[PDB]
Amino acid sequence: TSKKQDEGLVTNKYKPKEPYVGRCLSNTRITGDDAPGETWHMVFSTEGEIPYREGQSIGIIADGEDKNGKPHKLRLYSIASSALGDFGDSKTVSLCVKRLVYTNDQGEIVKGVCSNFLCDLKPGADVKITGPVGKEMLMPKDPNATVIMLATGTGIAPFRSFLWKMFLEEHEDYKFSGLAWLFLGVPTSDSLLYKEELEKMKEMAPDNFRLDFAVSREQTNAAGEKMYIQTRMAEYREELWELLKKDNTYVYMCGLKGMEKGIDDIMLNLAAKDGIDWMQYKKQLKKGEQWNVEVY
């Protein structure tokens, strides 16, 4: 009754009142020095106790207390590993975490509570985990699906999870034969996430995986406009539009809230040519599980 992989789905095994206590096994900065901020890839032990799947999130409760002396409110992070984890044994989970640092209106530097806690983790440290959480970003059941994945920044996370399942693992009950197409938008080359893994998947499975980067501070269209994800999609617009008409095409979008706006402009321009109102047609595709969005 869903087109997505929800059979036996588990949500909310661990709740904030009694989280699962994992251990940090690894934590590595995956961005270079020429990135506006730092993004970190981290691995936690789970003892096989968190039965998550591709597209789900976990909550993290940062150590310490809020200003009223209460445990910190959980923050959600899209799981960056496949169900088996990076080590193929269902005993780890990985996150892709941007360290939040900003300057407020008074001019003071503010550090995000949970993202700085996570990026500062050392191997051996305890981590309080909740979940798994979510059903919107579950993968399509159809092993022959066209899966279009639209990511900005840490929005790559659930797509790393999908792609590990599709291309880096053997699953008797899921032999991917379709077309996975990832668009990843970041500002600089040093901000690219998982470039090596992705480019290996593309060398590995060229018939089944397409990869486009949109490096906005480095690439421009014919008019000289910055190469965001939508700018890159424009170069394949008619093909993307024809793909969307098909019953086995599924679009997923993940990352920074607001990334959906420029994408909508591309889709509006495609749809209007055919006398279709994209703002109305998008609602239909969402209901049909073919337009699946998780932005934050």
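One-based numbering along the sequence shown.
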Going by the B-factors listed in the PDB entry, is the mean over the C-alpha atoms higher for 210 to 218 or for 149 to 157?
210 to 218
Take the C-alpha B-factors listed in the entry for 193 to 201 and for 84 to 92, compute each mean, and give the stretch with the larger one.
193 to 201
Member of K246, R53, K67, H41 with the greatest C-alpha B factor (per the PDB record)
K246
Going by the deposited entry, which of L25, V21, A272, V10 has the highest CA temperature factor?
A272
Select lowest, middle or highest to describe the third in which the CA B-factor of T130 falls within its chain in this entry.
lowest
Using only modelled residues of the chain, where does the Cα B factor of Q106 rank: lowest third, middle third or highest third?
highest
Can you work out whether the C-alpha temperature factor of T31 puts it in the lowest, middle or highest third of the chain?
highest
Ranked against its chain, the third holding the CA B-factor of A234
highest
Taking the entry's C-alpha B-factors for this chain, is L240 in the lowest, middle or highest third?
highest
